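Scroll down for the structure; my scribbles are underneath it.
Each chain gets a letter, A, B and so on, in the order the sequences are listed, and its residues count up from 1.
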There are 2 protein chains.
Amino acid sequence: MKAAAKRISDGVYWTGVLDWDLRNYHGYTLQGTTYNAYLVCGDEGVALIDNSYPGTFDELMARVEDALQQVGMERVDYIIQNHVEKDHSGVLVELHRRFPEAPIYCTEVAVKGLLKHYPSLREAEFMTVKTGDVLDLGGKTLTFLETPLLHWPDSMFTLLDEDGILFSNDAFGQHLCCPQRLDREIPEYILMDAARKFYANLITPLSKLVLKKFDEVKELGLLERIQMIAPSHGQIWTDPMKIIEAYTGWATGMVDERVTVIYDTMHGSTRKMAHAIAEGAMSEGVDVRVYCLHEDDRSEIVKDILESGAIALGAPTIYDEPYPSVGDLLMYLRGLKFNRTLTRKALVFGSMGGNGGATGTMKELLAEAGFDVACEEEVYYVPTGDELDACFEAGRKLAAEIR
Amino acid sequence: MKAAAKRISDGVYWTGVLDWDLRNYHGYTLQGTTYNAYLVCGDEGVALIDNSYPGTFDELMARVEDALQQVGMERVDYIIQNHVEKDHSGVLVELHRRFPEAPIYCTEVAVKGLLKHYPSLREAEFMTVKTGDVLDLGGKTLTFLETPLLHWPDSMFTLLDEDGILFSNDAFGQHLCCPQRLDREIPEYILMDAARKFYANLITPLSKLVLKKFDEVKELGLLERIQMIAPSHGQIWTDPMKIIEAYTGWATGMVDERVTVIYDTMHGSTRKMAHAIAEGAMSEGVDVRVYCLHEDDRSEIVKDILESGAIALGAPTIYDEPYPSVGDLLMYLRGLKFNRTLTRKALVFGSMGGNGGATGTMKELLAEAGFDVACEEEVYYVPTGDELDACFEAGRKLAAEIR
Ligand SMILES: Cc1cc2nc3c(=O)[nH]c(=O)nc-3n(C[C@H](O)[C@H](O)[C@H](O)COP(=O)(O)O)c2cc1C
Ligand SMILES: Cc1cc2nc3c(=O)[nH]c(=O)nc-3n(C[C@H](O)[C@H](O)[C@H](O)COP(=O)(O)O)c2cc1C
Ligand SMILES: [Cl-]
Ligand SMILES: [Cl-]
Ligand SMILES: [Cl-]
Ligand SMILES: [Fe+3]
Ligand SMILES: [Fe+3]
Ligand SMILES: [Fe+3]
Ligand SMILES: [Fe+3]
Ligand SMILES: [Fe+3]
Ligand SMILES: [Fe+3]
C-alpha cells in the first residue's frame with residue numbers, strides 16, 4: 001500500500017490512520033478523526049506508540065514501512081499501548097503477528113483489558129510499566145506515566161525526554177481529520193473548537209484528576225521539558241502551552257459571559273418561551289446560544305455548556321414527565337458532572353396542559369447533575385404577552401447573575 | 001378547493017383532512033394521519049364535530065360544503081369541540097368567522113383551553129356541556145359524555161343515538177392516512193398494528209381510567225347501542241367490538257408469550273449480549289423482538305412492550321451512567337406507567353470497562369417506571385463464550401418465567 005509517514009522530529013514519525021468518514025461514535029458527532037500512532041527510532045531500538053481501529057492495519061503498516069525506509073531501519077522492536085480502547089489497539093493482534101519478537105509495553109490494568117479484547121494474546125510477551133519506568137532505545141528514552149484518571153484505568157502517557165514529546169493518549173485530543181498534521185497548519189478556530197468539544201464530552205468529569213496530574217507532571221520536573229504534545233486524535237501540538245492553558249481553564253470553570261438555552265417543543269409554546277429567555281439574556285450583553293433537542297446533538301450542546309456560566313432547559317409535559325428527549329441529555333450531564341469545574345446556574349421552563357411535572361422533574365435532575373437551579377417558568381398552553389415578558393425577565397435575571 | 005365528503009350514515013358525513021406527509025410528532029412516528037371531523041344533519045339543525053390542524057381550513061370547508069349540498073342544508077348550526085388539541089381545534093377561529101351564529105359546544109375545562117390557544121374567541125358564544133347533556137338536531141340527538149381520564153380534562157365523547165355512532169375523540173384512533181375511510185376497507189394487520197401503536201403510546205398510563213369509563217358507558221346503557229366508532233384519527237370502526245375488546249385486553253395486560261430485547265452499544269459487546277439473550281428466549285418457544293436504540297424510535301419499541309410480558313434492556317457504561325439514549329426511553333416509560341396494565345419482568349444487561357454503573361442505574365429507573373427487575377448481567381469488555389452462555393441462560397429464564 002502507498003501511504004506516507006510524516007517526520008515530526010528527529011527519528012520520530014507520525015504513522016497513523018486517517019478516518020475521513022466517521023461522523024458519530026461514543027455519543028459524539030464529528031467530521032472524521034485520526035488514530036495517531038508514532039514511530040520512535042533510536043540508535044538500537046524502534047518503538048511504535050499505539051496503533052488503530054480494526055481493519056486499518058494495511059494503512060498503518062504502509063506508513064510504518066515508509067518511516068522505516070526514511071530512517072534506514074527495518075523492524076519494530078517494541079509495541080507500546082498507552083490505552084486499550086479499540087481505536088488505538090484494534091490492529092495489535094496483526095502487529096504482534098508481523099513483529100513476533102516485540103514485547104508489548106503497557107500498564108498492568110491494560111494487560112487485563114487487552115486480553116479480554118484479544119484472547120489470542122495469551123501467548124504474547126507483555127512488559128507492564130508503572131510511573132517512572134523507562135525504555136531505552138539508544139540515544140532516546142521513553143519514560144512512562146500512569147494516567148488512570150479514575151475512568152481511563154488502563155491509560156498512560158509516554159514521554160520522549162530528548163525530543164520533549166509527550167504522547168498523551170486521548171488527553172489533548174481533538175476529532176479532526178486533516179492532511180496537515182500540526183496544530184499551526186490549520187485554522188485556530190477549528191483547532192480550538194474541536195479541542196473544546198473533546199474536553200466537554202470526554203474530560204469534564206475528570207477535571208479534578210487532570211489538575212492533579214498536572215501537579216504530578218510539574219513535581220517530577222517533566223513540564224519545563226515539553227516541546228510538543230502528540231495526542232491520539234487530531235493535530236500535534238507544537239505549542240503545548242496553548243492546550244495546557246485551555247485545559248487548565250476548562251478544568252477550573254473559566255468561562256466568558258454566556259448562557260446556553262436548550263429546549264424541546266411539540267406545538268411551539270416552549271419555543272416561544274425559549275426565544276423570550278434568549279432575548280432577555282441578550283439585553284444584558286452576554287453571549288447566547290439556543291439549541292433544540294429535536295435537531296441538535298448532545299455533544300454540541302455540552303461543548304457550549306462548558307463555556308457557559310448559565311443554562312436554561314425547557315420542555316413540555318407528557319404524562320407527568322418532560323418531553324422524552326431531555327432524558328437523554330440529563331443522563332449524559334449526570335455522567336459529565338459539570339460541577340467538577342463550576343456549578344453553573346440553571347433556569348427551567350416549559351408549557352403544560354394541566355398538571356405539569358416537567359419543570360420540577362428537570363429541577364430534580366439538573367440539581368443531581370450538578371447545576372444550581374435558580375428558578376422556573378411554567379405556562380399553561382400558549383403563553384400570553386405578559387407570560388412572555390416574564391420569560392424575558394427570567395433570562396435577563398439569569399444573564400445578570402453570571403455577569 | 002375540490003374535496004368531497006364521505007357519506008357514513010344517513011345525514012352523517014366525514015369531512016376531515018388527509019395529512020399524507022406527517023412522519024413524526026408528539027414523540028410518535030407515523031406514515032401520515034387524518035384529522036376526522038364529522039357533519040351530522042337532522043331535520044332542523046346541523047352540527048360539526050371537531051375540525052383540524054391550523055392551515056387546513058380550505059380542505060375542511062370544501063368537504064363541509066360538499067356535505068351540506070348532498071343533504072340540502074345551508075349552514076353549520078352547532079360547532080362541537082370534543083377536545084382542545086390543535087390537531088382538532090386548529091381551524092375553530094376560521095369556523096367561527098364562517099359561522100358567526102353557531103355556538104361552541106364543549107366541556108367547561110375545554111373553554112379555558114380554547115381561550116388560552118385562541119384569545120380572539122373571548123367574544124364567541126360558548127355552550128358548556130356535562131355528561132348526559134343532549135343536543136337535538138330534529139330526529140337526531142347528540143348525547144354528551146365527559147372523558148377527562150385525568151390528563152385529557154377537556155375531552156368528551158358525543159353519541160349519536162339513532163344511528164348508534166360514537167364520536168370518540170382520540171379514543172380508538174389510529175394514525176393512518178388512507179383514501180379508504182372504514183376499518184374493513186384496509187388490511188387488518190395495518191389497522192390493528194396502528195391501533196396497538198396508538199394505545200401503547202397515548203393510552204397506557206390511562207388504562208385504569210379507561211376501564212372505569214367503559215364501566216360507566218355500560219352503566220348508562222349506551223354500549224348496547226354502539227354500531228360504529230368514529231375517532232379523530234384514522235379509520236371508522238364498522239366493527240366497534242373489535243377495538244373495544246382489544247382495548248380491554250391492552251388495559252388489563254392481556255399478552256401472548258413475548259420478550260422485547262432493547263439495547264444500545266458502542267463497540268458491539270452489549271449487542272453480542274442482546275443476541276445471546278434473544279437466542280436464550282427463543283429456545284423456550286416464545287416470540288422475540290430485538291430493537292437497537294441507535295436506530296429505532298421509542299414509539300415502535302413501546303408498541304411491542306404493550307404486547308410483551310418481559311423486556312430486556314442493555315447498554316454500555318460511560319462515566320458511571322448508561323449510554324445516554326436509554327435516558328430518553330426510560331423517561332418515556334416513566335410517563336407511560338406500564339404497571340397500570342401489567343407489571344412486566346425485566347432483565348438489565350451491559351458491558352463495561354471498569355467500575356460499571358449502567359446496569360445499576362437502569363435497574364433503578366425501570367423499577368421506578370414499574371417493571372419487575374429480576375436479573376442483572378454485567379460483563380467486562382468483550383464477553384467470553386461462558387459469559388455469552390450466561391446471557392443465553394438469562395434470556396431463557398426470562399422467557400420461561402412468562403410462560
Ligand atoms: C402525548 C401528550 C401527553 C400530554 N400529557 C400531559 C400531562 O400529563 N400533563 C400536562 O400538564 N400536559 C400534558 N400534555 C399537554 C402539553 O404539555 C401542552 O399541550 C403544552 O402546552 C405543550 O407545549 P409545547 O407547545 O412546547 O409543545 C400532553 C400532550 C400530549 C401530546
Ligand atoms: C467515553 C467513554 C467513557 C467510558 N466510561 C466508562 C466508565 O465510566 N466505567 C466503565 O466501567 N466503563 C466505561 N467505558 C468503557 C465501556 O463501558 C466499555 O468499553 C464497554 O465494553 C462498552 O461496551 P459496548 O461494546 O457494548 O459498547 C467508557 C467508554 C467510553 C468510550
Ligand atoms: Cl447517538
Ligand atoms: Cl522485519
Ligand atoms: Cl423525537
Ligand atoms: Fe471506541
Ligand atoms: Fe481515543
Ligand atoms: Fe399522570
Ligand atoms: Fe398536537
Ligand atoms: Fe388527536
Ligand atoms: Fe465516575
Side-chain angles (χ1 to χ4, degrees), chain A residues 24-28 201 264 293 297-299 301-302 315 318 321-336 361-362 364-365 368-369, chain B residues 27 201 259-275 277-278 289-305 308 310-338 344-353 355-373 375-379 391:
Chain A
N24 195 17
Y25 84 148
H26 297 146
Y28 194 110
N201 284 271
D264 217 323
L293 287 166
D297 192 79
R298 67 180 85 83
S299 71
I301 300 182
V302 305
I318 204 145
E321 302 296 320
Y323 195 81
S325 60
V326 321
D328 180 300
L329 179 71
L330 295 164
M331 180 162 274
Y332 206 45
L333 300 171
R334 174 157 145 76
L336 293 175
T361 298
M362 294 183 291
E364 154 204 36
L365 300 165
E368 296 199 76
Chain B
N201 283 275
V259 180
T260 301
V261 182
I262 313 151
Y263 77 97
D264 217 325
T265 192
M266 301 180 286
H267 303 153
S269 288
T270 306
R271 173 166 38 239
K272 295 196 178 73
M273 300 178 72
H275 291 213
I277 299 164
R289 321 278 168 150
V290 175
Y291 289 100
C292 183
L293 292 171
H294 188 71
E295 300 282 13
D296 302 314
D297 196 81
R298 65 180 84 85
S299 66
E300 290 296 321
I301 296 180
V302 311
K303 182 191 86 175
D304 273 355
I305 298 174
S308 303
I311 71 161
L313 179 68
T317 296
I318 141 202
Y319 299 129
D320 304 308
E321 303 299 320
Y323 190 83
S325 65
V326 319
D328 178 314
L329 191 50
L330 282 166
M331 173 162 294
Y332 202 52
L333 288 178
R334 221 197 154 219
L336 294 171
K337 303 168 195 71
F338 270 107
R344 299 155 167 77
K345 306 292 183 192
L347 167 60
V348 302
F349 67 106
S351 187
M352 47 81 164
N355 293 163
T359 61
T361 299
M362 291 183 289
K363 166 160 194 153
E364 160 186 68
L365 300 168
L366 278 165
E368 281 179 19
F371 288 84
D372 172 28
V373 184
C375 174
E376 174 158 345
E377 294 304 316
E378 179 177 69
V379 157
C391 293

For B/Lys345, the salt bridge (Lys or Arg N to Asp or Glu O under 4.0 Å) test, sequence neighbours excluded, returns B/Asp372

Does B/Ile305 offer a backbone N or O that forms a donor-acceptor pair with the side chain of B/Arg344 under 3.5 Å?
yes

With sequence neighbours left out, the residues meeting salt bridge (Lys or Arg N to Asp or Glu O under 4.0 Å) with A/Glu368 are none

Straight-line distance of B/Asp297 CG to B/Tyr291 OH, nearest 0.5 Å:
10.5 Å

Under 3.5 Å donor-acceptor, B/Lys337 side chain and B/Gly335 backbone
yes

Is there a side-chain contact between A/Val326 and A/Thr361 in this structure, where contact means two heavy atoms from C-beta onward sitting under 4.5 Å apart?
no

Hey, could you give me the NZ/OG1 distance between B/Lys303 and B/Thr260, rounded to the nearest 0.5 Å?
10.0 Å

Is the closest side-chain heavy-atom distance between B/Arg271 and B/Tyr263 below 4.5 Å?
yes

Contact summary for B/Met273 and B/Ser351, nearest pair of heavy atoms:
SD-N, 3.9 Å

Any side-chain to backbone donor/acceptor pair from B/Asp320 onto B/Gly357? Under 3.5 Å, distance only.
no

Hey, are the side chains of B/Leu329 and B/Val302 touching, using non-hydrogen atoms and a 4.5 Å cut-off?
yes

Decide yes or no for B/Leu347 and B/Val259: does some side-chain heavy atom of the first lie under 4.5 Å from some side-chain heavy atom of the second?
no

Please name the pair of heavy atoms, one in A/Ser299 and one in A/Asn201, separated by the smallest distance, quoted to 0.1 Å.
O-ND2, 3.0 Å

For B/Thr359 and B/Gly350 the tightest heavy-atom approach is CG2-N, 3.8 Å

The single option from A/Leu330, A/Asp328, A/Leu293 that satisfies side-chain contact (heavy atoms from CB on, under 4.5 Å) with B/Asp328 is A/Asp328

Any donor and acceptor pair, going by atom type alone, linking the side chain of B/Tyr323 with main-chain N or O of A/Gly27 inside 3.5 Å?
yes

Please test B/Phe349 against B/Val379 for side chain to side chain contact (heavy atoms under 4.5 Å, CB included), starting from the C-alpha separation and ending with a verdict.
CA-CA 8 Å; B/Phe349 67 106; B/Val379 157; over 6 Å; no

Looking at B/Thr265 and B/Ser269, what are the two nearest heavy atoms and their distance?
OG1-N, 3.7 Å

Does B/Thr317 reach the main-chain N or O of B/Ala358 with its side chain, forming a donor-acceptor pair under 3.5 Å?
yes

Approximate separation, where rounding is to 0.5 Å, of B/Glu376 CD and B/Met362 CE:
8.0 Å

Any side-chain donor near an acceptor of the partner, A/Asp264 and A/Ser325, under 3.5 Å:
yes

Quick check: do B/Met331 and A/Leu365 have side-chain heavy atoms less than 4.5 Å from each other?
yes

Quick one: CZ on B/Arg334 to CD1 on A/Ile318, what's the gap to the nearest 0.5 Å?
14.5 Å

Considering all heavy atoms of both residues, which atom of B/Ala278 and which atom of B/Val290 are nearest to each other, and what is their separation?
CB-CG2, 3.7 Å

Quick one: does any side-chain atom of B/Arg289 pair with a main-chain N or O of B/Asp304 as donor and acceptor, under 3.5 Å?
no

Is the ring pair A/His26/B/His267 parallel, tilted or perpendicular, if the boundaries are 30 and 60 degrees?
perpendicular

